[PDB]
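A.B. asks: I have a structure I would like to understand better, so I am pasting it below and will then ask my questions one at a time.
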Amino acid sequence: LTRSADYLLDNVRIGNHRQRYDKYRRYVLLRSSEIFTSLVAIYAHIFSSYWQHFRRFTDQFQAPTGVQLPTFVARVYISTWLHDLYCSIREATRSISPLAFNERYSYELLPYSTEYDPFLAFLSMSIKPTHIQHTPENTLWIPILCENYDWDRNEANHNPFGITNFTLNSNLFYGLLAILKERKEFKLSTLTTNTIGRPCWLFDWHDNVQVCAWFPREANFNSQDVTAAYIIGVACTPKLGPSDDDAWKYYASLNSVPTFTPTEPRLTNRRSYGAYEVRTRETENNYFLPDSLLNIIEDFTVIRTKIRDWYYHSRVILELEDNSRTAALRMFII
Amino acid sequence: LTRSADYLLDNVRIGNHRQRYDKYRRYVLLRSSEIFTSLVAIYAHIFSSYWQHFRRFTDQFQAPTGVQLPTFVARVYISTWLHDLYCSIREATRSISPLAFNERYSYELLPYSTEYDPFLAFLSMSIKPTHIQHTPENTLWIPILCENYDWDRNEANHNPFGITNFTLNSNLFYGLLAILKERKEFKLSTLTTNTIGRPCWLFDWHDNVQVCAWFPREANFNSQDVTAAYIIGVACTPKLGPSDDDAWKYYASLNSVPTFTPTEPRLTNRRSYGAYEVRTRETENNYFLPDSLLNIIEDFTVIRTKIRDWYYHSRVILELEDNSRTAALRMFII
Amino acid sequence: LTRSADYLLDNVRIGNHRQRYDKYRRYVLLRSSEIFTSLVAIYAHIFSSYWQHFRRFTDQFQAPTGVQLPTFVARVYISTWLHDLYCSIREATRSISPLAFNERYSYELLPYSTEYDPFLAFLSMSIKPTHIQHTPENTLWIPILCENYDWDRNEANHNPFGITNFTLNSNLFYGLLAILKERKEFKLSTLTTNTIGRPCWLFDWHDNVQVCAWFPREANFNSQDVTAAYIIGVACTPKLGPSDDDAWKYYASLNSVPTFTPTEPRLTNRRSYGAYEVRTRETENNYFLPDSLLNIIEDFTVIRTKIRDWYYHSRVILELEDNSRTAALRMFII
Amino acid sequence: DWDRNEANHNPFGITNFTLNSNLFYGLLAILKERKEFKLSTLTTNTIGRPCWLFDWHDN
Amino acid sequence: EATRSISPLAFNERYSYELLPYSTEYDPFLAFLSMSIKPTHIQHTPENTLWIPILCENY
């Protein structure tokens with residue numbers, strides 16, 4: 007049947023057409039406030055179990071209000087790492103997708119370090135513009151640290167993102183790096199200069215520990231990424247996976263039944279399925295009606311439309327007509 | 007710049023798309039009445055210069071009213087050749103374009119001869135479904151002998167086309183073939199079994215000897231086809247070439263100026279040109295008006311639209327957007 | 007059938023006749039201001055991607071208005087390239103078609119630069135007296151930047167063509183050329199001194215993305231010209247392809263039905279076809295009747311004529327007489 | 447008396463002077479393809495010959 | 013002709029009018045100033061300059 011397929015490919019009848027190019031850019035806004043908190047919390051623990059090695063250097067600095075010195079040192083460390091992560095993503099988007107550079111990462115920062123611990127170096131390597139394959143849309147997800155930044159040059163006042171306890175301190179940072187360098191307990195890693203990251207930061211986090219992948223495991227991730235997502239015990243992005251929405255139910259007041267994972271009945275039927283599924287419910291407290299529906303009630307002293315957007319991986323048949331069908335059949339059965 | 011082109015071809019941005027397949031079928035109605043007359047006239051001349059060899063065999067038959075015996079013999083010869091040409095085209099369209107077989111050539115005839123003179127054999131080889139390349143539409147022209155046929159089995163009454171002096175005669179034909187076979191003056195040729203013809207029959211014939219090709223000479227014809235069209239001193243098909251139509255001019259009565267090949271002025275400008283051009287004029291004697299225009303005159307006691315159909319060889323750019331432009335430029339200048 | 011062909015060719019009976027010579031010169035006016043804006047917009051982004059090398063160089067200049075500085079740099083760059091493109095077309099017309107040199111390109115200018123980025127050095131090579139083969143007219147198209155050229159010697163106010171934001175700045179241009187030369191990310195190629203261009207600037211740009219080639223792909227273009235047409239994301243010339251239009255429809259009030267892709271009922275049947283077709287519809291909402299129907303209705307309170315210009319690739323038969331037909335048949339079948 | 451529109455172009459004062467690029471280039475193609483007509487390229491020399499300087503007298 | 017290969021802008025603004033020279037031979041000194049009075053280049057001054065000699069403003 008390959009002769010018939012070549013006939014249908016020379017005359018351009020069948021194909022592999024797509025409306026969207028291969029590494030289609032998508033901005034996704036990072037948390038950077040939950041990540042910061044959890045990273046500070048998990049690094050203060052590693053700092054306090056080795057505090058004899060940092061106690062004499064950090065006696066010159068003072069923690070702001072009631073912060074313990076390990077927590078303050080971890081805050082400075084993580085704030086500097088985030089500062090440099092901005093620059094990592096900026097220099098990664100300059101090369102690939104130069105338009106996201108121009109419209110999201112035009113402002114230039116200089117990085118404070120080229121050397122962090124192995125895990126922060128891994129996260130620097132991973133939170134670049136990740137490439138996701140075999141989903142309906144071949145995509146390049148680009149992390150956005152903030153929609154607006156509020157730059158300024160004062161180092162002790164710089165808070166380029168909306169993080170509460172973001173603290174930059176050069177003396178502390180470089181003394182701390184020197185300590186980590188000379189202590190044989192602690193490892194350090196040079197930040198790589200790759201341009202495509204890993205999907206460690208892209209999983210969907212639900213109410214339980216129900217963290218789930220909306221992309222295939224083959225060609226995307228390899229469970230070192232699941233480990234990197236595990237160490238950051240919070241969601242890194244909003245929920246990006248598909249869902250099979252039901253129809254809205256209406257109630258007069260707050261008299262709705264509780265949500266049943268025992269599967270209270272959904273109005274419509276099911277259309278799309280996954281190997282793993284999470285069922286949620288979205289309540290809306292103050293919804294009056296569509297204003298056209300209000301007009302209808304007033305005229306009462308019904309027609310209903312809905313736009314469906316089907317999305318696919320490609321378009322396989324481009325031009326169909328019975329002459330080509332008959333030819334491609336004849337060249338197979340005669 | 008080939009890297010940028012491969013980038014624009016993997017992401018399907020540029021291409022070679024066409025809405026019509028490669029050997030697109032087109033029925034064109036043959037004359038078959040002018041061809042018959044001119045072929046009879048040019049074969050009666052070759053028969054009368056060798057009449058000593060046909061005089062004793064043809065004394066048993068009688069020409070109908072006032073026809074000379076060479077003309078009658080040529081009529082029988084050409085009528086049988088046309089009968090067999092029907093079958094040639096039918097068996098050619100069976101294989102390629104089996105749908106034109108089903109809808110134009112379903113009726114089965116049996117051919118009388120597999121052997122004609124070299125020129126009628128050449129014409130049998132040439133008036134099959136010709137393939138024309140490098141015109142805007144890659145086409146397969148299929149000759150139609152008649153729109154309706156009026157079959158019947160009586161051999162002496164069979165006139166499967168609308169030809170006046172179409173005469174079938176088996177005894178005459180086979181004696182004549184035997185004579186042509188044993189006379190060393192006359193050659194005979196076995197009809198080939200090809201399926202694609204030659205464009206000998208497809209040229210456009212104008213008022214003068216202005217016979218002109220609406221297709222390139224390279225890959226189409228080679229001046230043996232011009233010779234075969236020359237020997238048939240009439241048009242084989244209607245005029246199939248393109249023309250740059252002007253706007254209509256209006257006159258009250260027949261007071262129009264004569265047509266000037268000295269180029270009386272045309273209303274609109276020119277859009278399309280050829281290396282050869284023939285200018286004609288189309289008079290229409292009884293044209294009242296569009297009925298909407300008559301309604302407008304009555305309402306008088308203006309808006310004008312026109313559908314333009316642009317036709318091309320292919321579609322070269324399929325999906326354009328500035329991200330791909332910038333990428334394909336960056337990968338050439340950086 | 008070659009002896010008869012040779013005999014008909016020794017006499018001027020048949021041949022390959024055309025009314026236009028081989029590279030028939032046709033002037034075609036470039037857009038020159040849509041191209042300008044498209045190129046400025048595509049190059050401002052490239053410059054902004056590496057703006058850390060132009061932010062100090064451009065501190066000496068001031069942008070005319072709210073136009074950003076990368077757009078200013080790109081505008082000066084593209085204006086200089088257009089200025090030099092005039093000169094490159096001028097030197098190409100000197101070796102090919104000296105008549106175009108005498109009528110359209112007599113004014114002498116030396117180019118600002120002989121080095122440009124690989125893309126503008128590619129369009130410099132392409133936008134030239136290009137040659138199109140295997141279309142009805144064998145044409146050499148000559149690009150025209152402007153009809154009247156409005157020259158000037160003071161290069162601050164110099165705007166030869168009628169481009170809006172055209173700006174010549176030798177200080178800016180030569181500083182920018184030094185920057186592009188010393189930088190390792192920017193590459194510069196010298197302009198090639200060829201005479202014949204490429205069809206990268208002649209495709210027809212239609213409604214949505216429908217860019218379509220009105221000429222064969224064989225011997226004309228090779229998908230690198232489609233890439234150059236792609237990076238210039240606009241039309242370079244007006245519509246030059248064939249069109250099969252029908253009669254005019256008339257309307258009293260603006261009740262004109264919108265041009266439906268459902269294929270609004272065309273009046274006349276189609277004559278010429280292509281592999282790819284685009285259907286449009288032009289309007290004239292105040293058209294006055296052509297002074298003849300006005301006469302007719304005035305003496306009321308019609309004869310129609312039309313000039314057709316049938317264009318062809320060649321004329322194949324030059325002189326048709328019965329004696330040569332019979333001689334060509336006789337040397338074939340005897 | 448120069449001119450750029452080569453239809454009305456008559457630089458010198460010749461009476462029946464006519465420039466036609468269509469005619470000229472078609473005729474050049476004819477003379478080139480025909481085997482009886484020969485065409486030579488113009489030589490780029492500087493000094494000419496006296497073929498145009500003799501004195502033409504009565505008979 | 014020197015401004016044509018170096019700084020075509022000086023050719024466009026100041027040296028567009030075409031003249032052919034009377035001579036290509038002069039005594040060794042005027043053939044030296046011919047070689048010298050040209051678009052000269054000066055280095056290691058605050059401005060790296062190409063000076064273009066102008067015989068007259070309006071010609």
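Residue numbers (our numbering), protein chains in the order written: chain D, 7 to 340; chain B, 7 to 340; chain P, 7 to 340; chain S, 447 to 505; chain V, 13 to 71.
All residues carry an ideal CB built from backbone N, CA and C; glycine is no exception.
#1: Give a yes or no on whether the minimum CB-CB distance between residue 4(B) and chain P is below 9 Å.
#2: On the DSSP letters alone, give me the boundaries of the alpha helix (DSSP H) that residue 40(B) sits inside.
#3: Can you tell me the Cα-Cα spacing of residue 326(D) and residue 97(P), whole angstroms?
#4: Going by Cα to Cα distance, which pick from 10(B), 46(B) and 58(B) is closest to residue 191(B)?
#5: Quick one: list the residues of chain B neighbouring residue 239(P), beta-carbon separation under 8 Å, in chain order.
#6: Report the residue ranges of all beta strand (DSSP E) runs contained in full by the segment 138–196 of chain B; include only those spanning at least 3 residues, in chain order.
#7: Helix or strand or just coil, what does DSSP make of residue 218(P)?
#8: I want to verify the contact list: residues of chain P whose CB lies under 9 Å from the CB of residue 192(B), in sequence order.
#9: Use the C-beta contact count for residue 62(D): other C-beta atoms within 10 angstroms, 16 or more gives buried, fewer gives exposed.
#10: Can you give the Cα-Cα distance for residue 156(P) and residue 163(P), rounded to whole angstroms?
#11: Can you check which of these residues, 31(P), 269(P) and 170(P), is closest to residue 109(P) by C-alpha distance?
#12: Look at the alpha carbon of residue 92(D) and the alpha carbon of residue 180(D), and state the distance between them as a whole number of angstroms.
#13: Going by other Cβ atoms of all chains shown within 10 Å of its Cβ, with 16 needed for buried, is residue 12(D) buried or exposed?
#14: Assuming contact is defined by CB atoms lying nearer than 9 Å, are residue 195(P) and residue 123(P) in contact in what I supplied?
#15: Beta-carbon of residue 94(B) versus every beta-carbon of chain D: anything under 9 Å?
#16: Apply the 10 Å Cβ neighbour rule to residue 337(B) and answer buried if 16 or more other Cβ atoms are within range, or exposed otherwise.
#17: Apart from the five residues on each side of it in sequence, which residues of its chain come closer than 7 Å, Cβ to Cβ, to residue 49(P)?
#18: If you run the structure through DSSP and keep just helix, strand and coil, what is residue 316(P)?
#19: Measuring straight from C-alpha to C-alpha, what distance separates residue 22(D) and residue 245(D)?
#20: On the DSSP letters alone, give me the boundaries of the beta strand (DSSP E) that residue 289(P) sits inside.
#21: What does residue 336(D) reach in chain B if we use C-beta pairs closer than 8 Å?
#22: Please classify residue 47(V) as buried or exposed, where buried requires at least 16 other C-beta atoms within 10 Å of its C-beta.
#23: How far does the beta strand (DSSP E) with residue 229(D) in it reach, from first residue to last?
#24: What is the DSSP secondary structure of residue 16(B), reduced to helix, strand or coil?
#25: Does the Cβ-Cβ distance between residue 255(B) and residue 311(P) come in under 9 Å?
#26: Identify every residue that forms a DSSP beta bridge with residue 330(D).
#27: Just curious, the alpha helix (DSSP H) that residue 100(B) is in, first and last residue?
#28: Tell me the DSSP secondary structure of residue 8(P) in three-state form.
#29: Does DSSP put residue 210(B) in a helix, in a strand, or in coil?
#30: State yes or no: is the C-beta of residue 262(P) within less than 9 Å of the C-beta of residue 233(P)?
#31: Which class does residue 115(P) belong to by DSSP, given the choice of helix, strand or coil?
#32: With distances taken between CB atoms, is the gap from residue 281(P) to residue 33(B) smaller than 9 Å?
#33: Measure the C-alpha to C-alpha separation of residue 166(B) and residue 243(B) and round it to an integer number of angstroms.
#34: By the criterion of Cβ-Cβ separation under 9 Å, what are the contact partners of residue 159(P) in chain V?
#35: So, helix, strand or coil for residue 65(P), using DSSP?
#36: For residue 339(B), does the three-state DSSP call read helix, strand or coil?
C.D. replies: Put simply:
#1: Residue numbering for chain B in the displayed model covers 7 to 340; residue 4(B) lies beyond these limits and cannot be assessed.
#2: 40–54
#3: Going from the Cα of residue 326(D) to the Cα of residue 97(P) covers about 50 Å.
#4: Among 10(B), 46(B) and 58(B), the Cα nearest to that of residue 191(B) belongs to 58(B).
#5: 326, 328 and 331
#6: Listed in chain order, they are 145–150.
#7: strand
#8: Residues of chain P passing the Cβ test: 339 and 340.
#9: exposed
#10: Taking the Cα positions, residue 156(P) is about 11 Å away from residue 163(P).
#11: 31(P)
#12: 19 Å
#13: exposed
#14: yes
#15: Not one chain D Cβ lies under 9 Å of residue 94(B).
#16: exposed
#17: 80, 83 and 84
#18: When secondary structure is reduced to three states using DSSP, residue 316(P) falls in the strand class.
#19: 30 Å
#20: 282–290
#21: 104
#22: exposed
#23: Neither: residue 229(D) is in no beta strand (DSSP E) and is coded neither H nor E.
#24: helix
#25: yes
#26: None; residue 330(D) has no bridge partner.
#27: 75–101
#28: helix
#29: strand
#30: no
#31: coil
#32: No, the Cβ-Cβ distance between residue 281(P) and residue 33(B) is not below 9 Å.
#33: 19 Å
#34: 24, 25, 26 and 28
#35: helix
#36: helix
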